[PDB]
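S.K.:
Residue numbers (PDB author numbering), protein chains in the order written: chain A, 15 to 179; chain A', 15 to 179; chain A'', 15 to 179. A prime marks a further copy of an entry chain.
#1: Are the C-beta atoms of residue 23/A' and some chain A'' residue less than 9 angstroms apart?
#2: Provide the residue span of the beta strand (DSSP E) that contains residue 31/A'', from first to last.
#3: Strictly under 9 angstroms for the Cβ-Cβ distance: is residue 126/A' near chain A'' by that measure?
#4: By Cβ distance, which residues of its chain are closer than 8 angstroms to residue 141/A', with the 5 residues on each side in sequence left out?
#5: How many angstroms separate the CA atom of residue 97/A' from the CA atom of residue 115/A''?
#6: For a contact meaning CB atoms closer than 8 angstroms, what does residue 162/A' contact in chain A''?
#7: Sort out for me which residues DSSP pairs residue 19/A' with in a bridge.
#8: Let's see if you can read the secondary structure: which residues bound the beta strand (DSSP E) around residue 90/A?
#9: Can you list, in chain order, the residues of the region 133-162 of chain A' whose Cβ is nearer than 7 angstroms to any Cβ on chain A''?
#10: Which of the three DSSP states, helix, strand or coil, is assigned to residue 150/A?
#11: Below 9 angstroms between beta carbons: does that hold for residue 147/A and residue 34/A'?
#12: Quick one: measure Cβ to Cβ for residue 24/A and residue 52/A, integer angstroms, because I've assumed they're closer than 8 angstroms.
#13: In three-state DSSP terms, what is residue 169/A'?
#14: By Cβ distance, which residues of its chain are closer than 7 angstroms to residue 135/A, with the 5 residues on each side in sequence left out?
#15: Mind checking residue 66/A: buried by the 16 CB within 10 Å criterion, or exposed?
#16: Residue 74/A' by DSSP, collapsed to three states: which one?
#17: Between 56/A'', 172/A'', 119/A'' and 105/A'', which lies nearest to residue 78/A'' when the distance is taken from Cα to Cα?
#18: Please report how far the alpha carbon of residue 105/A' lies from the alpha carbon of residue 83/A', in whole angstroms.
#19: Can you give me the C-alpha to C-alpha distance between residue 45/A' and residue 90/A', rounded to a whole angstrom?
#20: Alpha carbon to alpha carbon, what distance is there between residue 58/A and residue 73/A?
#21: Got a sec, what are the start and stop residues for the beta strand (DSSP E) residue 132/A sits in?
#22: Should residue 31/A'' be flagged as near chain A, meaning a C-beta pair shorter than 9 angstroms?
#23: Could you confirm whether any beta carbon from chain A is found closer than 9 angstroms to the beta carbon of residue 49/A'?
#24: Would you mind sorting residue 153/A into buried or exposed? The rule is 16 or more other CB atoms within 10 Å of its CB.
#25: Evaluate residue 124/A' with the Cβ neighbour count: other Cβ atoms within 10 Å of its Cβ, from every protein chain shown; 16 or more gives buried, anything less gives exposed.
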């Protein structure tokens with residue numbers, strides 16, 4: 015069965031995978047997102063599976079509910095942020111890849127995010143390359159990026175349903 | 015008629031103009047300030063005019079309500095933060111100029127901000143030079159700077175009115 | 015009588031001393047912590063004394079209630095954040111020393127903070143060396159570090175009381 019190296023959070027109903035280089039503040043981003051009222055599925059590694067044409071991501075036991083942040087150590091998220099701050103599984107909707115500005119590819123349309131696609135167990139998951147600047151309120155930026163994505167996906171779902179004619 | 019290159023926000027009843035070099039997180043600052051409960055007038059460019067001894071700043075249509083943040087793209091602020099998160103016009107009270115610490119002039123009195131004056135269509139608008147350090151919670155700092163300014167202006171208005179003797 | 019160079023805040027019932035090199039955002043950290051609902055005892059310097067087997071820290075008058083942040087100047091914290099945002103004294107429970115990542119010593123157990131002890135007027139105060147990265151939401155990190163510490167101290171107090179057998 016299938017593992018995947020990333021953090022997995024529920025943000026605005028969207029299961030969001032977060033990826034990037036080591037020691038850029040990913041785990042710190044998870045914490046900040048939890049503090050804004052979002053939810054943790056898993057830190058570091060995720061179990062993946064297909065059930066009913068859904069890519070579901072789940073955290074293995076033992077590690078469930080815990081986050082590591084250097085300086086702090088282990089964080090029992092449920093103890094500190096409530097039982098509703100953690101979820102045992104959720105569908106994967108989006109994959110965000112945090113990239114250093116210098117390594118960021120050229121932008122075709124700067125009025126939109128840099129969208130790509132990730133193949134996760136043969137399923138197309140939308141993927142955004144997001145430039146990471148230190149101290150521009152990254153949690154708010156990622157939350158805003160995800161909410162925009164959900165509106166955009168609902169935009170396509172409306173358009174498809176609009177073809178009832 | 016008169017344009018002006020800056021961001022224009024309403025903060026604690028004060029119309030505040032934000033200026034600075036390119037790619038330092040100005041638009042990201044606007045978003046963060048909106049998230050703290052403040053209001054957007056306009057991103058990038060502002061229409062200015064004089065009405066009843068007031069310098070009023072207004073956003074041109076089409077662009078009204080939208081913010082661009084690299085990585086995210088366009089942000090329909092009303093859709094995401096509510097109708098009350100945007101305002102069509104407001105009086106200009108303060109101009110903050112975000113400066114890199116290295117380029118910051120010498121400080122005469124470090125117990126107060128570095129105050130200057132901007133001539134905007136012949137009107138004296140108070141101007142603060144604010145040093146920008148990455149990740150010291152700039153939104154909170156700018157909010158605090160503006161609230162202090164309003165108290166200070168109310169201090170002079172009290173003093174002037176105190177000369178009833 | 016005894017002074018001590020540090021910032022002193024009440025965080026989650028814990029009197030916390032904050033220390034570090036000059037111009038790293040300590041005073042900015044105090045402000046941010048106040049904004050999260052915590053309390054100021056004193057900026058810069060603290061009066062210390064022993065009363066009833068407690069190390070109590072108190073702010074000298076005149077300076078009481080005020081914070082200096084370069085760019086802003088003086089901040090009357092009570093005026094801006096309420097009377098309950100400042101406290102005249104509190105017991106010292108923890109000492110956090112903000113360290114630059116490069117100067118940070120080797121980590122024995124990365125699942126826990128780097129704990130040391132400070133002798134303050136002959137009393138053992140637990141001391142954490144915390145690595146400071148710009149823009150990972152340091153206020154949230156320090157708040158989380160302190161809440162974890164309180165749980166940990168309550169853990170030892172439970173264990174000691176558990177030796178009733």
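Note that the Cβ used here is the ideal one computed from N, Cα and C, for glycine as well.
M.R.: Looking at the coordinates:
#1: Counted from its first residue, the second chain places residue 23/A' at position 9. Chain A'' contact via Cβ: absent.
#2: On the third chain, position 17 is the one that residue 31/A'' refers to. Run containing residue 31/A'': 28-34, per the beta strand (DSSP E) assignment.
#3: Reading the second chain from its first residue, position 112 is the one you call residue 126/A'. With 9 angstroms as the cut-off, residue 126/A' counts as an interface residue toward chain A''.
#4: Walking along the second chain from the start, residue 141/A' turns up at place 127. 108, 109, 110, 111, 129, 130, 131 and 132, listed in sequence order.
#5: As a working mapping, residue 97/A' is identified with position 83 in the second chain. As a working mapping, residue 115/A'' is identified with position 101 in the third chain. The straight-line gap from Cα to Cα measures roughly 44 angstroms.
#6: Taking the first residue of the second chain as 1, we reach residue 162/A' at position 148. Chain A'' residues near residue 162/A': 86, 87, 89 and 94.
#7: For the purposes of this step, residue 19/A' is taken as residue 5 along the second chain, with counting starting at 1. According to DSSP, which records beta bridges pairwise, residue 19/A' is partnered with 59/A'.
#8: Position 76 of the first chain, counting from 1, holds the residue named residue 90/A. It spans 87-90 - the beta strand (DSSP E) in which residue 90/A sits, taken as one unbroken run.
#9: 144, 145, 147, 148, 149, 150, 151, 154, 155, 158, 159, 161 and 162
#10: Taking the first residue of the first chain as position 1, residue 150/A is located at position 136. In the structure shown, residue 150/A sits in coil (DSSP, three-state: anything other than H, G, I, E or B).
#11: Residue 147/A sits at position 133 when you count from the first residue of the first chain. Residue 34/A' sits at position 20 when you count from the first residue of the second chain. No, the Cβ-Cβ distance between residue 147/A and residue 34/A' is not below 9 angstroms.
#12: Translated into positions along the first chain, residue 24/A becomes position 10. Translated into positions along the first chain, residue 52/A becomes position 38. The Cβ separation is near 6 angstroms, so the contact holds.
#13: Reading the second chain from its first residue, position 155 is the one you call residue 169/A'. Note: residue 169/A' maps to helix in three-state DSSP.
#14: Taking the first chain and counting its residues from 1, one reaches residue 135/A at position 121. Taken in chain order, the residues that qualify are 16, 62, 64 and 69.
#15: Along the first chain, read from residue 1 onward, the residue named residue 66/A stands at position 52. Burial call: exposed.
#16: One-based indexing of the second chain puts residue 74/A' at position 60. In the structure shown, residue 74/A' sits in coil (DSSP, three-state: anything other than H, G, I, E or B).
#17: Against the third chain, residue 78/A'' aligns to sequence position 64. With distances taken between Cα atoms, residue 78/A'' lies closest to 56/A''.
#18: Residue mapping note: residue 105/A' aligns to position 91 of the second chain, counting from 1. Residue mapping note: residue 83/A' aligns to position 69 of the second chain, counting from 1. Cα to Cα, the separation comes out at about 25 angstroms.
#19: Taking the second chain and counting its residues from 1, the one referred to as residue 45/A' is at position 31. Taking the second chain and counting its residues from 1, the one referred to as residue 90/A' is at position 76. Rounded to whole angstroms, residue 45/A' to residue 90/A' spans 11 angstroms at the Cα level.
#20: The count along the first chain starts at 1 and reaches residue 73/A at position 59. The count along the first chain starts at 1 and reaches residue 58/A at position 44. In a straight line, the C-alpha of residue 73/A is about 9 angstroms away from that of residue 58/A.
#21: Mapped onto the first chain, residue 132/A falls at position 118. Here the beta strand (DSSP E) through residue 132/A covers 128-134.
#22: As a position in the third chain, residue 31/A'' is number 17, starting the count at 1. Taking Cβ atoms only, chain A never reaches closer than 9 angstroms to residue 31/A'', which makes this a no.
#23: Position 35 of the second chain, counted from the first residue, corresponds to residue 49/A'. Interface residue, yes.
#24: Walking along the first chain from the start, residue 153/A turns up at place 139. Buried, because 16 or more other Cβ atoms sit within 10 Å of the Cβ of residue 153/A.
#25: The sequence position of residue 124/A' within the second chain is 110, counting from 1. Exposed is the call here.
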